[PDB]
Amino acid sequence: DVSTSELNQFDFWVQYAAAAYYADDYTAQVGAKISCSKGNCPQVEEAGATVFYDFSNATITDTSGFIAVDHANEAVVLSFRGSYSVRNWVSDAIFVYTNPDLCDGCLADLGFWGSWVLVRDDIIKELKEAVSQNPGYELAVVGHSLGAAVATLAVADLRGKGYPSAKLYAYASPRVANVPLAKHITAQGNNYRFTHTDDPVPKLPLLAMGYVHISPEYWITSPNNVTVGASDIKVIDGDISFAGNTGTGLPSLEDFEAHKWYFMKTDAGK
């Protein structure tokens, strides 16, 4: 279980991930309000949050997202959407290690790290501007699905590049790195990683392939389309083969519906 306050926070930040799926939001003009036409980010719209910067998917990248400012919650928000070709990723994606220069012995998943390095330089300069314009604000990096994987690596990297207290909200994230990197990110703190029942996406890449998750795990045990109660989240303190989402078994495409239901229909805007 979790507290009502924690649950409120968890139900809230997922809505910025939900907005990340809307082309209207990641191609918005500077100063436009974030909006979810399918009605799945109401509390975001209620904050009045506006887009500072955004970046679109295109012929050269499957990653899109935005930097927005939330004056209600005093936060700069960096939101990532990855490729929405996720079923094909579960069924056929091959993984590859790479050395991201993050920590001693740390190796990251090449695809996710590559997606972050592609946007990193401009996002760092933009964040410097927006945080300077909002000095007392926290930085929250958020995403869902493959976007959550990019969010994780972005957070970890940014924490070594001037934002050590950056928060990470990674809904339905794959594993992104090996044991040393998972240990390094876990020790940075401020990590909120979510799984849902038997969602296959957080089960990949496999433990058997050398990858490990950031801890802890917030495992939502309630079904699809179900309101998440305070009693519907279990906190798992280590990434082991028999606990939480991974403990539900090896990944199966027949479980894929569980991937879309993380408090809301996160990808309704795709």
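All residue numbers refer to positions in the sequence shown, first residue = 1.
Undergrad: Once you work out the mean C-alpha B-factor for both 140 to 148 and 78 to 86 from the entry, which is higher?
TA: In the deposited entry, the stretch with the higher C-alpha B-factor mean is 78 to 86.
Undergrad: Would you tell me which stretch averages the higher CA B-factor in the PDB entry, 201 to 209 or 51 to 59?
TA: Mean CA B-factor is higher for 51 to 59.
Undergrad: Among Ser64, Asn245, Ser215, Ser35, which residue carries the highest C-alpha B-factor recorded in the PDB entry?
TA: Among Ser64, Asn245, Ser215, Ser35, the PDB entry lists the largest C-alpha B-factor for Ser35.
Undergrad: Could you tell me which one of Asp109, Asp157, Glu129, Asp122 shows the highest CA temperature factor in the PDB record?
TA: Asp122 has the highest C-alpha B-factor of those listed.
Undergrad: Among the chain's modelled residues, which third holds the C-alpha B-factor of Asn73?
TA: Answer is highest: the recorded C-alpha B-factor places it there.
Undergrad: By the recorded C-alpha temperature factor, relative to the other modelled residues in its chain, which third is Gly114 in?
TA: For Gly114, the deposited C-alpha B-factor lands in the highest third.
Undergrad: Taking the values exactly as deposited, rank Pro180 by C-alpha B-factor within its chain and report the matching third: lowest, middle or highest.
TA: CA B-factor rank for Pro180: lowest third.
Undergrad: Hey, what third does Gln133 fall into on Cα B-factor, ranked over its chain?
TA: It belongs to the highest third of the chain when residues are ordered by C-alpha B-factor.
Undergrad: What third of its chain, lowest, middle or highest, does the C-alpha temperature factor of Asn99 fall into?
TA: For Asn99, the deposited C-alpha B-factor lands in the highest third.
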